[PDB]
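**Student:** Experimental structure below, sequence on top.
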Amino acid sequence: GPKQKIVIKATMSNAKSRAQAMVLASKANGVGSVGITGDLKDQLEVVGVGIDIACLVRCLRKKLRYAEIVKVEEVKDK
Amino acid sequence: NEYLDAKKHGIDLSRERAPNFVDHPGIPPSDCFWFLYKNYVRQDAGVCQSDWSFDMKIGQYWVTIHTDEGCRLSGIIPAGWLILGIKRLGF
């Protein structure tokens, strides 16, 4: 059934804060996968269905000061 | 053509450094690279699926980007910005 690829931009300027963001995202219900993206590695892409994105952005915004959704693409099956 | 125009400002997608991304497990890999320029200067890059679309925030603006079967990108994007697509190498 439908899955979304959602990119969140956040203040992550080093491997430690990037790692913390990935662990937090990986623990959220519905997140199947998470990876770093962006020319400045200031983005994480989560993939899944039933993700509570509002909650995920809220947890990241608390931890990192700034986080917001910047890309949504539906997964194209097959 | 708008690749023709990019090429006037020295943009060649065939010689841009690949974006940072992951191929996620359990879904098809994205077959298109996109490159995003402001006043013709690279600001970001990523991947997307051919013959599809995605929504992206460019400055203050949510935009819909359409990606055709050959990774050509279209859409109403804000003044000063340019987004260009190409097949991921080997797709």
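**Tutor:** Noted; the coordinates are in hand. Numbering: from 1, shown residues only, chains lettered A, B, ... in the order given.

**Student:** Next, count neighbours for the residue in chain B that chain A sits nearest to.
**Tutor:** In chain B, the residue that lies nearest chain A is residue B:22 (2.9 Å; C-beta to the nearest C-beta). C-beta coordinates here come from the backbone N, C-alpha and C atoms, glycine included. When neighbours are defined as other C-beta atoms under 10 Å in any protein chain shown, residue B:22 has 15 of them.

**Student:** ok, it - contacts?
**Tutor:** Neighbouring residues of residue B:22 by C-beta atoms under 8 Å, 6 or more residues apart in numbering or on different chains: A:33, A:35, A:36, A:37, A:45.

**Student:** try 10 Å this time
**Tutor:** When contacts are counted by C-beta atoms under 10 Å, 6 or more residues apart in numbering or on different chains, residue B:22 touches A:33, A:34, A:35, A:36, A:37, A:44, A:45, A:47, B:29, B:47.

**Student:** Pick out whichever of the residues you listed sits closest to residue A:66.
**Tutor:** Of all the contacts of residue B:22, residue A:66 sits closest to residue A:44, with 13.0 Å by C-beta to C-beta.

**Student:** Do a quick rundown of the helices in the chain.
**Tutor:** I'll assume chain A. A:15-27, A:53-64 (DSSP state H).

**Student:** That was the other one, I meant chain B.
**Tutor:** Using DSSP H, helices in chain B cover B:3-8.

**Student:** out of the contacts of residue B:22, which are inside strands?
**Tutor:** A:33, A:34, A:35, A:36, A:37, A:44, A:45, A:47, B:47 (DSSP state E).

**Student:** Contact partners for the residue in chain A that chain B sits nearest to?
**Tutor:** Chain B sits closest to residue A:35 of chain A, with a gap of 2.9 Å, by C-beta to the nearest C-beta. By C-beta under 10 Å, 6+ apart, residue A:35 lies in contact with A:5, A:7, A:22, A:25, A:43-47, B:20-24.

**Student:** Thank you, goodbye.
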